[PDB]
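In the form deposited in one PDB entry, a lone chain appears below as structure tokens.
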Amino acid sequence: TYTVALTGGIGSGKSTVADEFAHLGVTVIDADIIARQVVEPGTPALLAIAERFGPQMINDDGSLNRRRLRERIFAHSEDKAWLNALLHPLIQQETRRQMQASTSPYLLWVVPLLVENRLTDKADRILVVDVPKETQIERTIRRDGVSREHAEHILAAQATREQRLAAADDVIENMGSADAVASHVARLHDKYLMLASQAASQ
């Protein structure tokens, strides 16, 4: 299936761009969403986490108390492997299920912040969500509860803004009026529909 990679640094707001594509019927594959889905309220995996580590793992709406789980793994690094053994097969199965259930002309793949492979191994086109460096820092401080220096450190460990822009086929600046960002998405959506038709004609 014709695949567009959606990439962007921390604080780029790319999940809001992904949502705009989703609103046009595009299947969005996002490992961060799928990881939350496999431990949703009522799931066997969430029960296993609570039965091992305790009822403090579950908040009052039934969802995972992520910080309490992070604390447990931080105290006992051996429980990383247990958690990966529980969740990794579920994440693989759910990723594949969502891909197989897709009926859209193309797929949008939200690239993780830590990328292991060349994006061109998977993507037919690369879309970078770009914002100024200071916007990344500002948004990360507000959303993630980190200090400025921490945000600057995360940036230093990610691909640079310049490397991301150079690798991109298209760039969407997640800046200015939200209406205009959404119109930019709609314009790119048309380009991707045509490219998917061209790829399928072959």
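Throughout, rigid core stands for the largest set of C-alpha atoms superposing within 1.5 Å between the two forms. Numbers for residues come from their place in the sequence shown, where the first is 1. Residues that one form lacks are left out of the comparison.
Undergrad: For the stretches 63-71 and 155-163, which has the higher mean C-alpha B-factor as given in the deposited record?
TA: For C-alpha atoms only, the mean B-factor is higher in 155-163.
Undergrad: Please work out which of 172-180 and 43-51 has the higher mean CA B-factor as recorded in the PDB entry.
TA: So the stretch with the higher mean C-alpha B-factor is 172-180.
Undergrad: By the entry's C-alpha temperature factors, tell me which of 124, 116, 130, 94 sits highest.
TA: Out of 124, 116, 130, 94, the record gives the largest C-alpha B-factor to 116.
Undergrad: Would you check the entry's CA temperature factor for residue 101 and let me know if it's in the chain's lowest, middle or highest third?
TA: CA B-factor rank for residue 101: highest third.
Undergrad: Can you tell me whether residue 3 has a C-alpha B-factor in the lowest, middle or highest third compared with the other modelled residues of the same chain?
TA: According to the entry, residue 3 has a C-alpha B-factor in the chain's lowest third.
Undergrad: Which third of the chain does residue 58 land in by C-alpha B-factor: lowest, middle or highest?
TA: Lowest third - that is where residue 58 ends up once the chain's C-alpha B-factors are sorted.
Undergrad: Sorting the chain's CA B-factors, does residue 146 end up in the lowest, middle or highest third?
TA: Within its chain, residue 146 is a middle-third residue by C-alpha B-factor, going by the deposited values.
Undergrad: Is residue 28 in the lowest, middle or highest third of its chain when residues are ranked by C-alpha B-factor?
TA: It falls in the bottom third of the chain.
The form deposited in another entry is left out here; the points below concern that form.
Undergrad: After a core superposition, would you say residue 132 shifts its C-alpha by at least 2 Å between the shown form and the other one?
TA: Shift at residue 132: below 2 Å after core fit.
Undergrad: Given that the shift is 3 Å or more, do the Cα atoms of residue 114 and residue 126 end up closer or farther apart in the other entry than in this form?
TA: Pair moves closer in the other entry.
Undergrad: So the CA-CA distance for residue 9 and residue 116 moves by at least 3 angstroms in the other entry. Closer or farther than here?
TA: Pair moves closer in the other entry.
Undergrad: Report the shifted segments between the shown form and the other one, defined as three or more consecutive common residues with all CA displacements of at least 2 angstroms relative to the rigid core fit.
TA: In sequence order there is one run that relocates between the shown form and the other one, which is 112-121.
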